[PDB]
Amino acid sequence: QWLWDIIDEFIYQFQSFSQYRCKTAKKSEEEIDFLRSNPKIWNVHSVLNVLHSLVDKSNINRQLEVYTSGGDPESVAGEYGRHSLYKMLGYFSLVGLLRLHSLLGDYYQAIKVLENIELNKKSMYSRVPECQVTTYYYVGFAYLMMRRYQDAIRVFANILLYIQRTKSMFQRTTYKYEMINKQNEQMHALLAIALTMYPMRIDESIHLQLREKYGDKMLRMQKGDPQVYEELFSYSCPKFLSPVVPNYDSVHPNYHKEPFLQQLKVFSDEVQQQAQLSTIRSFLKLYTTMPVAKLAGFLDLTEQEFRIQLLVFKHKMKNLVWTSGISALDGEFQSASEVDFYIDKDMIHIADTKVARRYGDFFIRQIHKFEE
Amino acid sequence: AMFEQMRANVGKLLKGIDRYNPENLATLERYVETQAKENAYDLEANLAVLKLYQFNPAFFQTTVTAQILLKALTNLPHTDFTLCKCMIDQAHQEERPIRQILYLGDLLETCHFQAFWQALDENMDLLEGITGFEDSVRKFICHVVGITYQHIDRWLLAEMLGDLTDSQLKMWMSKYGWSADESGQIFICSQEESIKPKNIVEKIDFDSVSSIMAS
C-alpha cells in the first residue's frame, strides 16, 4: 500500500504540473519573466523536467508491467503525457532540449523508433555537454539498432571517456552515475563482437580493468563456448531497453514476467545470428589472396564433408564482412584484407591533457583566491 | 494511385496522437495493403500498425502483417525487418502466413539465396499476390552481388536468382551493365573498385593540431 501511495502521488503531481508546463511556456511572457527574477538558481526550474523523465518512466513502467490487458497506461501517456509537453512551443531556455531529451528517452523504451530524424532537427539550441552526452547516449543506441556497428562503437567511446569536460557537481546524473559507466561498457561490448579486426579504438573507450575481461569474453564467445552468449545477454538486457524498475518479484502476482517475455525475446533475435557472423571473421585472414593451399585450408576450417562447404562459404561472404571474387579458369579465390589505423589516441589527447593542466591551473587559482 | 491520395493524410496522423489511438487502424491497415499491392513503401505507417498491434494483441491481423513483413524484406539490408519482429508478439510469429514469411526472411539476412528459392511454397497465392515482390528480392540479390563479387559464374548467378534460364538472365545481365568474359563468367566489378580500403593513411592532421597549439 505504501508502494502505490508513493507511485500514485508522483503521477497525480505530474499530471498537475503538465497543465502548468503547457500554460507557461507558450503564451504567458510575464509569468516566465517573473520566474526569471526571484531565485539565485534557475536550476530548480530546469531539473524538474528531466527529473520527471526517469521518475515518471519508472512509475509508468510499473503500471505497464502490472496491467497487461485493457491498456490504461500506454495510450494515456503516449497521447497526453508526452506529446502535449513536447509537440507545442518550447520554453525559452535549455528546457526546450530537456523536454526534447525527456521525450527521446520516453520514445527509446517504446520500440517505435524512426522519428530520431526530426528530434535531432528540433535540437536547434546549442549542444551543451549535459544535453550532448545524453544525445549521443540514445543516438549511439539508435546506430546500434541500425546495424551500424562501426559508427555506434565510436559514439560510445566518447561518452565513456570522462574527458568530455564534465564537472558535475550538483546532481545532473544523480543516483545513476555508474549507469552511464556500465551501460556504455555493456553496449560497446556487443559491437566489438560483430566486426573487430578494425579498432584499435577500444583503448580510448574502455579502461584496461574492463578491456581484459571483455576482451577474453569476445574470444570465448565466438570461438569455443556459447556460454558467453548467456552471461553477455543477461547483462545486456537491463541496459538495452532500460526498464527503470522491475516490479516486486513474487509468484502470487504474475503480471510482470509476461511483458518481459516480449521485451527479452525481442532482443534474442538481435544477438542470435549477429553473433554467429563473428566466428567467420574470428579466424585471422592469414594469406590475403588464397591459392588452393589456403582456400582448401579455410574450407577444411569452415565445415567438413561434403555437402555443402562451397555454398555456406559463399552465403557468408555476402553479409558485410568480406569483399572478394571468384575466378573460373584459375580456380582462384582472391579477397580483401582491410585493417584500421595505429595511433589516433595521441592527437585527441593533446587537448585532453591540456585540460588536466588547465583545470589544474584554474582550481588552485580558486584556492589562491580564497586563502589569500 | 491510392498511395498518393493518402500520403498527406496519413503523414499528419503519424505525427499526432493518432499513432497511439487504435481507432485509426481503418485508414492505416488499408494504407498498408496500398504499399504492398501498388508497389510502394512507407516504414512509419507499417511500424505504427505494428506498434498498435503490440498495444492490443487482439487487433492483430495476419495478412496485414504479411503485407508489412514481405515489403520489409524487399528493403534490405536495412533494419525495417528488424523492427518487425520487435513488435510482433510471441503468439503472433507462429501464425499463418507469418511463420513461413519469417522463415523465408531469415534466409535473406544470412544471404542463403539458393535456399530461399528452394524454401518457397508455390501454393501460397499471397506471395504471388504482392506485385513486384518476386523481382524485388532478385534485385536485392544482385545488389549484394555488386558489393562483394568481382565476378560471378553464369550458372552461379542463375541459381542464386532461382535457377534462371539463358533468356531470363538477360534482364539481370543488362541491369547493372554486366557482361560476359572469356571462359565464361559474368563480370560484376573491377577488383580495385570493389575493395575500397580507407586504412593507414592518417597522421596528416598537422593543420588543426598546430592551430590549437598556436598559443
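Okay, so let's go over this structure. (Residues numbered from 1 in each chain as written, not as in the entry; some residues may be left out. Chains lettered and ligands numbered in written order. Part of a larger assembly, values for the part shown. Heavy atoms only, no water.)

All names here are of chain A. Packing of helix α8 (residues 149-158) against helix α9 (residues 179-195) brings their axes to within 9 Å, and their N-to-C directions diverge by 150 degrees. Classified by the interaxial angle, the pair formed by α8 and α9 is roughly antiparallel. Handedness of the α8/α9 crossing: left-handed. Side by side, α8 and α9 meet where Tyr149, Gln150, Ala152, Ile153 and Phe156 of the first sit next to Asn184, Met187, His188, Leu191, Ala192, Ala194 and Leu195 of the second. Grouping the constituent residues of the contact of α8 with α9 by class yields 9 nonpolar, 3 polar and no charged. (Axes fitted to C-alpha atoms, helices over the stretch in contact; angles between N-to-C directions. Helix = DSSP H or I, 4+ residues; strand = E, 2+ residues; numbered from the N terminus. Parallel < 35°, antiparallel > 145°, perpendicular 65-115°, else oblique. Left-handed = near helix turned anticlockwise from the far one by under 90°. Contact = heavy atoms within 4.5 Å. Nonpolar A, V, L, I, M, F, W, Y, C, P; charged D, E, K, R; others polar.)

The next subject is the nonpolar core. What tends to happen in soluble globular proteins is that the nonpolar side chains get buried as a cluster. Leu144 of chain A together with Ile152 and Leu157 of chain B are the most contacted members of the largest nonpolar core, which has 121 residues in total. If one sorts the elements of this core by residue count, helix α3 (residues 43-55) of chain B sits on top with 8 residues. (Core = buried A, V, L, I, M, F, W, Y, C linked by side-chain atoms within 4.5 Å. Buried < 20%, exposed > 50% of the residue type's maximum accessible area, 1.4 Å probe, protein only.)

Within an α-helix, residues lying three or four positions from one another point in the same direction, as the helix has 3.6 residues per turn. All names here are of chain B. Look at helix α4 (residues 62-73): 16 Å from first C-alpha to last across 12 residues, which is about the 16 Å you get at 1.5 Å a residue. Counting buried residues in α4 gives 11 out of 12 residues, a clear majority hidden from the surface. All buried positions along α4 are accounted for by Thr62, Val64, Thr65, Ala66, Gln67, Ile68, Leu69, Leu70, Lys71, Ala72 and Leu73. Measuring from the backbone nitrogen of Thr63 back to the side-chain oxygen at the start of α4 gives 3.2 Å, which picks out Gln61 as the cap. (Expected span 1.5 Å × (residues − 1). Polar contact = N/O pair within 3.5 Å; in protein donor to acceptor, adjacent residues only side chain to side chain.)

This brings us to a negative patch on the surface. Taken together, the side chains of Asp125, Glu128, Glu134 and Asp135 of chain B make up a negatively charged region of the molecular surface. With respect to the helices, strands and loops of the structure, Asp125 of chain B is situated in the loop between α7 (113-119) and α8 (133-148). (Patch = residues over 30% accessible without salt bridge, like charges linked within 9 Å, V, L, I, M, F, W, Y side chains within 5 Å. Areas by Shrake-Rupley, 256 points an atom, 1.4 Å probe, with all protein chains shown as cover. Salt bridge = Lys/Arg side-chain N within 4 Å of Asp/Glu carboxyl O. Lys, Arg positive; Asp, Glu negative; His and termini not counted. Charge placed at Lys NZ, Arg CZ, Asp CG, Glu CD.)

A few words on α8 of chain B. End to end, α8 of chain B covers 23 Å across 16 residues, agreeing with the expected 22 Å (1.5 Å per residue, within 8%). When we look at burial in α8 of chain B, the residues that qualify are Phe133, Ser136, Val137, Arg138, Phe140, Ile141, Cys142, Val144, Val145 and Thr148 of chain B.

What follows covers the interface of chain A and chain B. Often the size quoted for an interface is simply the accessible area lost on bringing the parts together. Listed as interface residues are 48 residues of chain A and, on the opposing side, 55 residues of chain B. Of the roughly 4900 Å² buried between chain A and chain B on both sides combined, carbon and sulfur atoms contribute 55%. Counting every contact that joins chain A to chain B gives 6 salt bridges. Close ionic contact of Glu115 of chain A with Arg19 of chain B constitutes a salt bridge, the shortest N to O distance being 3.2 Å. At the junction of chain A and chain B, the tally comes to 22 residue pairs in polar contact. Where the side of chain A that touches chain B is concerned, the elements lending two or more residues are α4 (73-87), α13 (257-276), α16 (309-316), β2 (324-326) and α17 (346-370) of chain A. Examining the composition of the side of chain A that touches chain B, we find that 7 residues originate from one element, α13 of chain A, more than from any other. Looking at the side of chain A that touches chain B residue by residue, the classes come out as 20 nonpolar, 13 polar and 15 charged. (Buried area = accessible area lost by both parts, 1.4 Å probe.)

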